[PDB]
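To keep things clear, I will list the structure first and then write my remarks on it.
6 protein chains.
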Amino acid sequence: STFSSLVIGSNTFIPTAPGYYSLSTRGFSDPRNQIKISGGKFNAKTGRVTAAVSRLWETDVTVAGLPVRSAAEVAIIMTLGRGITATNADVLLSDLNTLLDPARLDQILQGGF
Amino acid sequence: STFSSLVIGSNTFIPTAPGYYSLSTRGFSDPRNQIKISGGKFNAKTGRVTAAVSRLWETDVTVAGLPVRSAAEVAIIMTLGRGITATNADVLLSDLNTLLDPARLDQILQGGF
Amino acid sequence: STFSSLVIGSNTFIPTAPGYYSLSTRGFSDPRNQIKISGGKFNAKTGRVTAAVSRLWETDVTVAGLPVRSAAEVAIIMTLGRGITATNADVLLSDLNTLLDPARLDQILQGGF
Amino acid sequence: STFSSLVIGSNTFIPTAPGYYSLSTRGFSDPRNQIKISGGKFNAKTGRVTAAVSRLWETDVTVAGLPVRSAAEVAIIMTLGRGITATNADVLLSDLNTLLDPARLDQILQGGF
Amino acid sequence: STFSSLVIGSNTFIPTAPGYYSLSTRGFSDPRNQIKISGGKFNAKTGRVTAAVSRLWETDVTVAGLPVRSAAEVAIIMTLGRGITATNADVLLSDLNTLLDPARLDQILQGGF
Amino acid sequence: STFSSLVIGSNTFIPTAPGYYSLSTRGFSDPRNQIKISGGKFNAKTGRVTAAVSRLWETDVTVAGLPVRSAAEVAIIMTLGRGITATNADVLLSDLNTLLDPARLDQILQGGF
RNA sequence: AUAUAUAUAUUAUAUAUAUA
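Rendered as structure tokens:
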């Protein structure tokens, strides 16, 4: 609703459902490729604001000879006390995306502590 | 202590607690600056692996004229089905980091759908 | 029966069953391509005449590796109070067709409010 | 909310209520001129997505010597099985609008089969 | 997000939450400076439309030697019967703004009947 | 009681009832044109003061051929924490009256969010 | 008689399509 479109490089996401922005290429019965945004929740009790941006992707892969549609969800959840800047948030996120290369991800996905 | 250390640019994080890595500069009384990794959860019931990497940062900031220590937490939660690659995950995460610039982050944190 | 045939562009629909007009080409085992008209109903309680023109199209597509025939139905329903012209109705219909392009339709099918 | 505004020819419709887009000119006591969109509903049982776009227009006409406000509603209802494109739907809609001219519409409103 | 932006002199308000527009300068941790619009409620029972526009402003001020963040909210509630124009409303509102200068505002806030 | 009269341009309002100031032109059985002031309420619990100034106007309009007296009420409600100035109030009010022109009022009165 | 779907009013009212 509040964003007219979300652009990432070449890819352009149009808003479909409340909180939902799906790729312009993808049809309605095509595998989902989208972004979910729920944000701005704030309670005086915690003094902290909470928001969440999820990236959801589906791909058709043949596993054990059977074509199945597999899902993949990367959800970011932000909890920021008063005094924190959106810039602080992007810095922490950037730190995490730098930290997660496919090496460490394969190792963490099988159990890396 | 699967990872001996986590390096992000110049910043180096040493392991302290199980799945906890904090910056080498900081003290224990100093505000927290750290990374929590708990990953690798798999059930063949759903064929889905689930992992989480969290970034936690505290800063001493003056808010409305009063000195306060505030917390900021960006948590990534990955839920991947069979046949999704760690490369797919880094792609989706990179998409999210590119999407979240401070402008959109602020809009969403103030309530953006 | 009250329409001898319905011409739409290149295609010509002949009546088969009461209120049914299918494409002249199709054989009986071919997928259905038809128009269902039923209208003129008036109840004194509401003072509203009501009419409907449905369009039904089937196509053979492979889904989940199985060749299957799926359907697609677009139904227009007109409810008009005393003092409305058929021209008022064609104006409203034209408005809706100008409004619904494939992009907006995909959006609405994926959950558009 | 997912559409900032709907332009149709000269006229421009702004959203007022969830799923409602009325003409920007009209005041609150003026007759209603609006579009009602609600769609995206999918049930696994039928494998059919269903959506609806209604057009609602009221006008003030004297009937039986009494000035009365009467309504006129043209509702499009889309039911699409797996493997249909939004382009398939716009084609069917265009077919119906080409088909329905005022003459045929008057005929159908007066009882056309 | 019916209104893409609210402009008042030099100040520009962007939409954040449903019916919420905050100044483009401010951050989420920064004090609130915003406009809440919730309007258009109509029942034919009373023939009365009801709408509300609120202005919310926070400032960090030292009070009795202690730094405090204080809130200030001016809320307009319009209740209009059939046949009242939006022009009538702006006239009445302009009357109220002309009437409330700081002298009378202070007198009334200290208890003026 | 506390104000001897309220003057707005050419128009002069005399106090009639406690909290009530009606136009000097208007008789007692004439349509109401008045200002209601209730103000100064302050509780230590909230720390905030509340006041309210309403503008009430009635006009005779023929609707559906029947002459009816329609009401119109624009109420301002102020809630100001300690540290706020009456000048701050007039500024916020002035912002609102600048923001509400007949364009945006007609659009909000039919539902603008 | 069964199944599916849309719109109006504060559970009720109106309407379309598929199957026996």
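Those protein sequence lines, which keep their order, are chains E, V, X, L, Y and Z.
Position one of the first sequence corresponds to residue -19 (our numbering), numbered consecutively onward.
Position one of the second sequence corresponds to residue -19 (our numbering), numbered consecutively onward.
Position one of the third sequence corresponds to residue -19 (our numbering), numbered consecutively onward.
Position one of the fourth sequence corresponds to residue -19 (our numbering), numbered consecutively onward.
Position one of the fifth sequence corresponds to residue -19 (our numbering), numbered consecutively onward.
Position one of the sixth sequence corresponds to residue -19 (our numbering), numbered consecutively onward.
Backbone N, C-alpha and C define an ideal beta-carbon position, used for all residues, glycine too.
Nearest to E:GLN14 by alpha-carbon distance, out of E:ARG35, E:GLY27, E:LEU73, is E:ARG35. Rounded to the nearest whole angstrom, the CA to CA distance from Z:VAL41 to Y:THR65 is 11 angstroms. In this structure L:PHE93 touches X:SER(-19) by the C-beta definition: roughly 6 angstroms separates them, less than 8 angstroms. Listed along chain V, the residues sitting closer than 8 angstroms to Y:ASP40 by beta-carbon distance are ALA44, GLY45. Between the region 68 to 77 of chain V and the region 78 to 85 of chain E, the count of C-beta pairs closer than 8 angstroms reaches three or more; the two stretches touch. Within the same chain, and ignoring the five residues on either side of L:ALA44 in sequence, no residue has its Cβ closer than 6 angstroms to its Cβ. Y:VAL33 and Y:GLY20 have their C-alpha atoms spaced approximately 11 angstroms apart. Rounded to whole angstroms, the gap between the alpha carbons of V:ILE(-6) and Y:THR39 is 42 angstroms. Excluding its 5 nearest sequence neighbours in each direction, Y:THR(-8) has C-beta neighbours in its own chain below 8 angstroms: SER(-15), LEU(-14), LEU3, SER4, listed in chain order.
Distance from the CA of X:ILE88 to the CA of Z:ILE57, rounded to the nearest whole angstrom, comes to 40 angstroms. Ranked by Cα distance from Y:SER18, the first of Y:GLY(-1), Y:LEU73, Y:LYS25 is Y:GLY(-1). Apart from sequence neighbours up to five positions away, the residues of its chain that approach X:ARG28 with a beta-carbon distance below 6 angstroms are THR59, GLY61, ordered along the chain. Collapsing the DSSP output to three states places Y:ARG62 in coil.
Nearest to E:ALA(-3) by alpha-carbon distance, out of E:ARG12, E:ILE(-12), E:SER(-10), E:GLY(-11), is E:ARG12. The beta carbon of X:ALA51 sits closer than 6 angstroms to those of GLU38, all from its chain and outside the five residues before and after it, given in chain order. With respect to Y:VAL48, Z:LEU73 sits apart: the two C-beta atoms are not nearer than 8 angstroms.
With the criterion set as a beta carbon lying under 7 angstroms from some beta carbon of chain Y, the members of the region 62 to 80 of chain E are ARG62, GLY63, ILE64, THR65, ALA66, in sequence order. When DSSP states are grouped into helix, strand and coil, X:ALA32 belongs to the strand group. Residues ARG12, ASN13 of the same chain have their beta carbon placed closer than 8 angstroms to that of L:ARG6, with the five preceding and five following residues left out of the count. Only exposed fits X:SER9, as fewer than 16 other CB atoms lie within 10 angstroms of its CB.
E:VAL48 has a beta carbon lying at 8 angstroms or more from every beta carbon in chain Y. Nearest C-alpha to V:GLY63 among V:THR26, V:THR78, V:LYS16, V:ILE(-12): V:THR26. For the 8 angstroms CB-CB criterion, Z:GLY91 and Y:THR78 do not form a contact.
When secondary structure is reduced to three states using DSSP, V:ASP70 falls in the helix class. Here Z:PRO82 carries a helix assignment [DSSP, helix/strand/coil]. Any Cβ of chain Z closer than 8 angstroms to the Cβ of L:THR(-4) would place that residue at the interface, and such an atom is present. A residue is called buried when at least 16 other Cβ atoms come within 10 angstroms of its Cβ; V:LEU46 does not meet this threshold and is exposed. Judged by DSSP secondary structure, Y:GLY19 falls within the beta strand (DSSP E) whose first and last residues are 13 to 23. Around X:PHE22, the same chain offers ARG28, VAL29, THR30 as residues with beta carbons nearer than 8 angstroms, after the five sequence neighbours per side are excluded. Y:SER(-19) has a beta carbon lying within less than 8 angstroms of a beta carbon in chain L. For the pair Y:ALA24 and L:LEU76, the Cα-to-Cα distance works out to about 36 angstroms. Contact of Y:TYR0 with chain V is assigned, a C-beta pair being separated by under 8 angstroms.
Residues of the region 12 to 26 of chain L with a C-beta atom less than 8 angstroms from some C-beta of chain E are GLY20, listed in chain order. Taking 8 angstroms as the CB threshold, L:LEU85 lines the interface with chain X. Where E:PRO(-5) is concerned, the enclosing beta strand (DSSP E) starts and stops at -9 to -5.
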